file upload-v9.cif (mmCIF, C-alpha atoms and all ligand atoms)
data_start
loop_
_atom_site.label_atom_id
_atom_site.label_comp_id
_atom_site.auth_asym_id
_atom_site.auth_seq_id
_atom_site.Cartn_x
_atom_site.Cartn_y
_atom_site.Cartn_z
CA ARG A 1 60.68 119.36 135.07
CA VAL A 2 61.81 119.63 138.70
CA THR A 3 60.20 117.25 141.21
CA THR A 4 60.80 116.70 144.93
CA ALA A 5 62.16 113.25 144.05
CA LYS A 6 64.80 114.72 141.75
CA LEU A 7 65.58 117.50 144.26
CA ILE A 8 66.10 115.06 147.13
CA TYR A 9 68.13 112.83 144.80
CA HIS A 10 70.56 115.55 143.72
CA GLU A 11 70.89 116.73 147.33
CA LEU A 12 71.65 113.25 148.66
CA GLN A 13 73.84 112.46 145.66
CA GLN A 14 75.89 115.62 146.16
CA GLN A 15 76.41 114.89 149.86
CA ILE A 16 77.76 111.46 148.94
CA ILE A 17 79.94 112.75 146.07
CA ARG A 18 81.40 115.48 148.31
CA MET A 19 82.10 113.00 151.12
CA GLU A 20 79.80 114.89 153.50
CA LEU A 21 78.01 111.55 154.00
CA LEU A 22 80.90 109.13 154.46
CA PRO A 23 80.72 105.48 153.32
CA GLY A 24 78.73 103.40 155.79
CA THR A 25 76.59 106.31 157.02
CA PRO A 26 73.05 104.92 157.36
CA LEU A 27 70.15 106.57 155.56
CA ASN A 28 66.85 106.41 157.42
CA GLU A 29 63.77 106.73 155.23
CA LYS A 30 61.73 107.74 158.29
CA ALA A 31 64.31 110.37 159.26
CA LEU A 32 64.64 111.57 155.66
CA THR A 33 60.86 111.86 155.24
CA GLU A 34 60.70 114.01 158.38
CA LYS A 35 63.63 116.19 157.27
CA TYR A 36 62.29 117.10 153.83
CA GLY A 37 58.66 117.47 154.92
CA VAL A 38 57.29 115.59 151.92
CA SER A 39 55.88 112.06 151.63
CA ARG A 40 57.91 108.89 152.03
CA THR A 41 57.33 108.26 148.31
CA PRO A 42 59.89 110.71 146.81
CA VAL A 43 62.49 109.52 149.33
CA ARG A 44 62.16 105.93 148.13
CA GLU A 45 62.43 106.99 144.48
CA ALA A 46 65.65 108.89 145.19
CA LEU A 47 67.25 106.06 147.16
CA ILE A 48 66.44 103.63 144.33
CA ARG A 49 68.22 105.82 141.77
CA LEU A 50 71.21 106.32 144.08
CA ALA A 51 71.51 102.54 144.41
CA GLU A 52 71.63 102.22 140.61
CA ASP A 53 74.41 104.82 140.70
CA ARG A 54 76.24 102.41 143.06
CA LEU A 55 76.31 105.31 145.55
CA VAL A 56 74.26 103.55 148.25
CA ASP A 57 73.97 99.93 149.38
CA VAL A 58 70.57 98.34 150.02
CA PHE A 59 71.42 95.64 152.56
CA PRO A 60 68.04 93.84 152.45
CA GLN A 61 67.49 93.13 156.16
CA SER A 62 69.47 95.99 157.70
CA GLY A 63 68.78 99.26 155.89
CA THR A 64 70.28 101.58 153.28
CA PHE A 65 73.79 102.93 153.76
CA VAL A 66 76.21 105.00 151.70
CA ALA A 67 78.23 102.62 149.55
CA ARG A 68 82.00 102.34 149.40
CA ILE A 69 84.03 103.62 146.44
CA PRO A 70 84.28 100.75 143.91
CA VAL A 71 87.94 100.28 143.04
CA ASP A 72 87.49 98.10 139.93
CA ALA A 73 85.65 100.80 137.94
CA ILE A 74 88.15 103.62 138.63
CA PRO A 75 90.64 102.87 135.79
CA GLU A 76 87.89 102.72 133.14
CA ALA A 77 86.58 106.06 134.43
CA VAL A 78 90.03 107.64 134.02
CA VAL A 79 90.39 106.36 130.45
CA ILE A 80 86.94 107.67 129.49
CA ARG A 81 87.82 111.01 131.07
CA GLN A 82 91.27 111.05 129.46
CA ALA A 83 89.60 110.40 126.11
CA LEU A 84 86.74 112.90 126.40
CA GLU A 85 88.76 115.62 128.13
CA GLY A 86 91.63 114.84 125.79
CA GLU A 87 89.19 115.79 123.03
CA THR A 88 87.93 119.00 124.66
CA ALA A 89 91.58 119.95 125.25
CA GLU A 90 92.49 119.37 121.58
CA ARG A 91 89.60 121.51 120.39
CA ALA A 92 90.03 124.25 123.00
CA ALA A 93 93.58 124.84 121.75
CA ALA A 94 92.28 125.14 118.19
CA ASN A 95 89.45 127.52 119.17
CA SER A 96 91.64 129.57 121.49
CA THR A 97 90.86 133.27 121.60
CA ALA A 98 92.66 135.53 124.06
CA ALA A 99 89.43 136.34 125.92
CA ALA A 100 89.04 132.61 126.50
CA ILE A 101 92.55 132.39 128.00
CA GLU A 102 91.60 135.28 130.27
CA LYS A 103 88.63 133.24 131.50
CA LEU A 104 91.01 130.34 132.25
CA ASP A 105 93.57 132.62 133.93
CA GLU A 106 90.80 134.13 136.05
CA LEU A 107 89.89 130.62 137.23
CA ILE A 108 93.52 129.68 137.90
CA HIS A 109 93.96 132.78 140.04
CA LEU A 110 90.77 131.82 141.87
CA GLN A 111 92.13 128.32 142.52
CA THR A 112 95.44 129.77 143.70
CA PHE A 113 93.46 131.84 146.22
CA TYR A 114 91.68 128.81 147.66
CA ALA A 115 95.01 126.97 147.85
CA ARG A 116 96.66 129.90 149.65
CA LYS A 117 93.73 130.03 152.08
CA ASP A 118 93.77 126.22 152.49
CA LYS A 119 90.12 126.01 151.41
CA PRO A 120 90.03 122.73 149.43
CA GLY A 121 86.24 122.61 148.94
CA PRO A 122 86.02 125.76 146.84
CA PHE A 123 89.28 124.57 145.30
CA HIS A 124 87.54 121.45 144.04
CA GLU A 125 84.57 123.43 142.73
CA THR A 126 86.82 125.84 140.85
CA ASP A 127 88.61 122.77 139.49
CA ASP A 128 85.34 121.64 137.91
CA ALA A 129 84.73 125.14 136.54
CA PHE A 130 88.20 125.14 134.97
CA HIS A 131 87.42 121.94 133.06
CA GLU A 132 83.87 123.05 132.23
CA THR A 133 85.38 126.13 130.58
CA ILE A 134 87.76 123.97 128.54
CA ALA A 135 84.65 122.25 127.21
CA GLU A 136 82.99 125.59 126.41
CA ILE A 137 86.08 126.70 124.47
CA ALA A 138 86.12 123.42 122.53
CA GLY A 139 82.52 124.00 121.46
CA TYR A 140 80.99 121.01 123.27
CA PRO A 141 80.04 122.09 126.80
CA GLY A 142 77.71 119.10 126.96
CA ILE A 143 80.77 116.84 127.01
CA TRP A 144 81.35 118.22 130.51
CA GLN A 145 77.79 117.47 131.60
CA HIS A 146 78.29 114.02 130.10
CA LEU A 147 81.25 113.27 132.40
CA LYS A 148 79.51 114.22 135.66
CA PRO A 149 78.31 110.64 136.37
CA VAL A 150 81.60 109.17 135.09
CA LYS A 151 83.82 111.10 137.50
CA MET A 152 81.62 110.52 140.58
CA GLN A 153 83.92 108.00 142.25
CA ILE A 154 87.09 109.86 141.23
CA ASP A 155 85.67 112.99 142.87
CA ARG A 156 85.09 111.08 146.11
CA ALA A 157 88.70 109.92 146.09
CA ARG A 158 90.05 113.35 145.19
CA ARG A 159 88.16 114.91 148.11
CA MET A 160 90.58 112.90 150.28
CA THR A 161 93.78 113.62 148.32
CA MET A 162 93.46 117.43 148.08
CA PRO A 163 94.17 118.23 151.78
CA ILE A 164 97.40 116.19 151.45
CA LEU A 165 100.44 118.46 151.58
CA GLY A 166 101.39 119.96 148.24
CA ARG A 167 98.49 118.49 146.24
CA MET A 168 96.54 121.65 145.35
CA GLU A 169 99.83 123.28 144.33
CA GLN A 170 100.54 120.30 142.07
CA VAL A 171 97.07 120.69 140.52
CA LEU A 172 97.77 124.37 139.83
CA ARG A 173 101.04 123.44 138.12
CA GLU A 174 99.18 120.90 135.98
CA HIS A 175 96.49 123.46 135.12
CA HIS A 176 99.15 125.96 134.04
CA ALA A 177 100.50 123.33 131.65
CA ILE A 178 97.05 122.82 130.13
CA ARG A 179 96.39 126.56 129.82
CA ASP A 180 99.78 127.31 128.28
CA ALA A 181 99.18 124.68 125.59
CA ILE A 182 95.66 125.95 124.87
CA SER A 183 96.94 129.53 124.65
CA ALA A 184 99.66 128.33 122.26
CA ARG A 185 97.03 126.55 120.11
CA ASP A 186 99.22 123.41 120.42
CA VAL A 187 96.60 120.70 119.85
CA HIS A 188 98.96 117.86 120.72
CA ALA A 189 100.46 119.54 123.80
CA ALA A 190 96.95 120.33 125.06
CA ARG A 191 95.76 116.72 124.76
CA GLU A 192 98.80 115.22 126.48
CA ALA A 193 98.91 117.76 129.34
CA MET A 194 95.23 117.07 130.00
CA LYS A 195 95.69 113.29 129.82
CA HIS A 196 98.68 113.54 132.18
CA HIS A 197 96.87 115.73 134.74
CA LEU A 198 94.00 113.22 134.80
CA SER A 199 96.27 110.19 135.46
CA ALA A 200 97.40 111.61 138.82
CA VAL A 201 94.31 110.08 140.45
CA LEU A 202 95.54 106.51 139.93
CA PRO A 203 98.55 106.41 142.31
CA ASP A 204 96.64 108.48 144.88
CA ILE A 205 93.87 105.87 145.19
CA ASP A 206 96.38 103.03 145.53
CA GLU A 207 97.69 104.91 148.57
CA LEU A 208 94.24 105.77 149.97
CA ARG A 209 93.12 102.14 149.80
CA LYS A 210 95.94 101.11 152.14
CA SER A 211 95.49 104.20 154.35
CA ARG A 212 91.68 104.22 154.73
CA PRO A 213 90.48 100.81 153.50
CA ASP A 214 87.02 101.35 155.01
CA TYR A 215 86.23 103.83 152.19
CA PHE A 216 86.92 101.41 149.32
CA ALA A 217 85.48 98.08 148.22
ZN ZN B 301 91.87 119.66 137.19
#

call {"tool": "encode", "arguments": {"input": "upload-v9.cif", "output": "structure tokens"}}
result
Amino acid sequence: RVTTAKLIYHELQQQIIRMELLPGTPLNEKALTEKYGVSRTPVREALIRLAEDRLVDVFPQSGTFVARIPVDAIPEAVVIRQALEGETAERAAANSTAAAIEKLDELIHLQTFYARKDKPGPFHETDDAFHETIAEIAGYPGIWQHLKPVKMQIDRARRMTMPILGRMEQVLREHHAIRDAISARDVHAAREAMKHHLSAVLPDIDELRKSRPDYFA
């Protein structure tokens, strides 16, 4: 069931994952309690969970702040995603009806629109929907829900790489490769195009760490 603790949690979590609250931004329990209009109790419960997510840092005699993106865990997150989304890609090709490909094409056209209009936020959200639909076609949409905590730090990094020149267009090219393989029912080609697409995050973060080292730790 929904509680104010879970609702505050998901709201704060989302703001951190979408880089609306940048790393180092303090979080004031007094100011949060006033904002939400509920007790100080559900605020504490949410901050505790966020700390376990490694999303916030509890500096004991200072306060809570938004944590930096841990670099050591990124490669393991890509492998897990390559494996799970490699699976959903394999199965989506096998279960490929034409009405499913239409659903993918509709989402690619929607991404193309956000790229044309240089709106990278909606571009990222339609990116998630594109992958969520691969999981629905494969028959295991829960695999997508399963990855949501895994790809938290990757999503923070990708929020910073999308505005870079030519990046959304590269994503669209990679998505076309994945769709074409699924439409062709090529189980191998689907897996490898998906695993390739997902590896693009690794060089980008190497660059970001040099560029903006205050966002990584
Ligand atoms: Zn994608």

call {"tool": "residues_near_ligand", "arguments": {"input": "upload-v9.cif", "ligand": "ligand ZN 301 (chain B)", "cutoff": "7 Å", "atoms": "only C-alpha atoms and all ligand atoms", "output": "PyMOL selection string"}}
result
chain A and resi 127-128+130-131+171+175+197

call {"tool": "closest_residue", "arguments": {"input": "upload-v9.cif", "among": "A:161, A:81, A:41, A:156", "to": "residue 20 of chain A", "atoms": "all atoms listed in the file"}}
result
A:156

call {"tool": "closest_residue", "arguments": {"input": "upload-v9.cif", "among": "A:216, A:140, A:65, A:113", "to": "residue 24 of chain A", "atoms": "only C-alpha atoms"}}
result
A:65

call {"tool": "closest_residue", "arguments": {"input": "upload-v9.cif", "among": "A:172, A:56, A:46, A:104", "to": "residue 25 of chain A", "atoms": "all atoms listed in the file"}}
result
A:56

call {"tool": "atom_distance", "arguments": {"input": "upload-v9.cif", "atom1": "atom CA of residue 168 of chain A", "atom2": "atom CA of residue 193 of chain A"}}
result
16.6 Å

call {"tool": "closest_residue", "arguments": {"input": "upload-v9.cif", "among": "A:187, A:74, A:43, A:38", "to": "residue 217 of chain A", "atoms": "only C-alpha atoms"}}
result
A:74

call {"tool": "closest_residue", "arguments": {"input": "upload-v9.cif", "among": "A:163, A:90, A:118, A:112", "to": "residue 134 of chain A", "atoms": "only C-alpha atoms"}}
result
A:90

call {"tool": "residues_around", "arguments": {"input": "upload-v9.cif", "residues": "residue 4 of chain A", "least_positions_apart": "3", "cutoff": "8 Å", "atoms": "all atoms listed in the file", "output": "list in words"}}
result
residues 7, 8, 38 and 42 of chain A

call {"tool": "closest_residue", "arguments": {"input": "upload-v9.cif", "among": "A:135, A:2, A:115, A:152", "to": "residue 15 of chain A", "atoms": "all atoms listed in the file"}}
result
A:152

call {"tool": "atom_distance", "arguments": {"input": "upload-v9.cif", "atom1": "atom CA of residue 57 of chain A", "atom2": "atom CA of residue 71 of chain A"}}
result
15.3 Å

call {"tool": "atom_distance", "arguments": {"input": "upload-v9.cif", "atom1": "atom CA of residue 95 of chain A", "atom2": "atom CA of residue 125 of chain A"}}
result
24.4 Å

call {"tool": "residues_around", "arguments": {"input": "upload-v9.cif", "residues": "residue 17 of chain A", "least_positions_apart": "5", "cutoff": "9 Å", "atoms": "all atoms listed in the file", "output": "list in words"}}
result
residues 12, 55, 152, 153, 155, 156 and 159 of chain A
